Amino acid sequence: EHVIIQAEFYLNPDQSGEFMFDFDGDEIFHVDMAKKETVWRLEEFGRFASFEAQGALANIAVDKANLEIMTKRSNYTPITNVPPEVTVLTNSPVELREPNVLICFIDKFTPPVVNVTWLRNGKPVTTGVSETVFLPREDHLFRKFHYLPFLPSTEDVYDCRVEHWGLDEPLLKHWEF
């Protein structure tokens, strides 16, 4: 009927960690480790619930120490890169001059490290873009969403450019009207 998962990770040598709650595959919140803040996936959630971010920070520290232990147990066996599959889509049917959102879905990859760039007519775009943290999969790979609000015109092409250590070249997934 429903599944709630508190999902954590810690990654060496990047020294990146993450702490999030998942409900049926959607992110309830994550903890910004830098700001030490709870970040709700939808702003409404924060008006109905709370979470003390310190408990996430404590767990990540244990996870960091545990990674050191397990790395030794494995005889320093490193992770095998799994490159992502990438899909670009809009969240609603496209109509000229009707505001819409481009979704870049990055799926089935590990480790949880990626460079994602939105391109409009071949140039990087950043105004209005947003993204999720790394989201867990049942096969213990990761997935991730990047978003770009845009106004559909016959004059613009778009690409989501994904870089990952499992990929030979950057992967570019194209969208046009």
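Just count from 1 along the sequence shown to find any residue number.
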| note | Mean B factor on CA atoms, stretches 71 to 79 and 96 to 104, record says higher is 96 to 104
| field | Between 3 to 11 and 167 to 175 (mean CA B-factor, as deposited), the higher | value | 167 to 175
| message | Per the entry's Cα B factor values, which of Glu138, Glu52, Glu131, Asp26 stands out as the maximum? | response | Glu52
| Per the entry, which of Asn115, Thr110, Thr126, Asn66 tops the list for Cα B factor? | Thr126
| How does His146 rank on Cα B-factor within its chain, lowest, middle or highest third? | lowest
| Taking the entry's C-alpha B-factors for this chain, is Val39 in the lowest, middle or highest third? | highest
| said: Based on the deposited C-alpha B factors for this chain, I'd like to know if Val62 is in the lowest, middle or highest third. | reply: lowest
| message | How does the C-alpha B factor of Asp159 compare with the rest of the chain: lowest, middle or highest third? | response | middle
